[PDB]
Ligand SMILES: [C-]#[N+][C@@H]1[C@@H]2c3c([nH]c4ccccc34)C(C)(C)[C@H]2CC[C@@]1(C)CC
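Only one chain is included here, represented as structure tokens and corresponding to the form solved without this ligand.
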């Protein structure tokens, strides 16, 4: 057998219209588990946005950089508050999201715009309208956050469907289909080595995972019972995958060129007639 642990497609962004039910196929039919979509953004756009962040002409994006220094020396830094990290009132989250959307729009200079381009892809892959959710008092969710992984840094193993048990999700649970959520991200800059997305074929099992202080130890126990795939998309490629269902991590960055990625999550509306995307 030459079957890998998970089934991913690999397409060029110019071809997304040939896959008008891909989102349905991942979430509903489970006929594959993810896709790499090459060239969603030009490499030149990725270099210019990265230079904005490096040099600080970033539209204010540096004002919402969370260095996560309290959480130790292995953790990612993040521009914007991700919703998984938040209290159920979401006040600070919605304020960061406003800053993020304006800064992001300024850095991409419409060439192409980040939100327009990502929405184009998700529309093509579903046939559905695509929206960033609105909060209950008219706030904006953020479409994305930017993760910054320096040398030696990683994103520890986690699984997206845990969000459905967090109080921060209360308002989104009034809008979303409560089946799997997908993850999407696009690298802005890639490291010399390491910084791979590792997706396990182990599926969401919150009762069992909860017995471990470290979720990595759970993965290591199941490995004792061909159990994962690793991906390193290049700049401007989108990785879209069933992060809700499958445990996943990002491996440690090797070398002094940081890994910078912009992305978030997506899911159907309750009636599966719209796609919502956020971080």
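The term rigid core refers to the most C-alpha atoms you can superpose between the two forms while keeping them within 1.5 Å. Positions refer to the first chain, counted from 1.
Taking the root mean square of CA deviations in 5 other deposited structures of this protein after fitting on the rigid core, 5-13 and 258-266 differ, and the farther of the two is 5-13.
When the other structures are laid on the shown form by the rigid core, the stretch among 112-120 and 200-208 with the greater C-alpha deviation in 5 other deposited structures of this protein turns out to be 200-208. In the deposited entry, the stretch joining residue 225 to residue 226 is interrupted by 4 to 9 residues of the deposited sequence lacking coordinates. Set 133-141 against 188-196 and average the Cα temperature factors; 188-196 ends up higher. Comparing 12-20 with 258-266, the higher mean C-alpha B-factor in the PDB entry belongs to 12-20. Residue-level temperature factors show residue 5 in the highest third of its chain, judged at the C-alpha atom. Ranked by C-alpha B-factor against the other modelled residues of its chain, residue 162 falls in the lowest third. Among all modelled residues in this chain, the alpha-carbon of residue 39 has a temperature factor (C-alpha) in the middle third. Residue 243: CA B factor in the lowest third of modelled residues in this chain (values from the PDB entry). Residue 26: CA B factor lies in the lowest third for its chain, per the PDB record.
One more form of this protein should be noted, the form deposited with this ligand bound, which is absent from this view; the next part is about it.
With the partner omitted from this view, the residue of 202, 188, 155, 118 that lies near this ligand in the deposited bound form is 155 [heavy atom within 4.5 Å].
The contact with this ligand in the deposited bound form, taken as any heavy atom within 4.5 Å, belongs to 82 out of 99, 168, 132, 82. The shortest heavy atom separation between residue 68 and this ligand in the deposited bound form is within 4.5 Å. For the chain shown alone, residue 75 is a contact residue for this ligand in the deposited bound form, at least one non-hydrogen atom being within 4.5 angstroms. Only one listed stretch (102-110, 169-177, 202-210, 147-155) carries heavy atoms within 4.5 Å of this ligand in the deposited bound form, and that stretch is 147-155.
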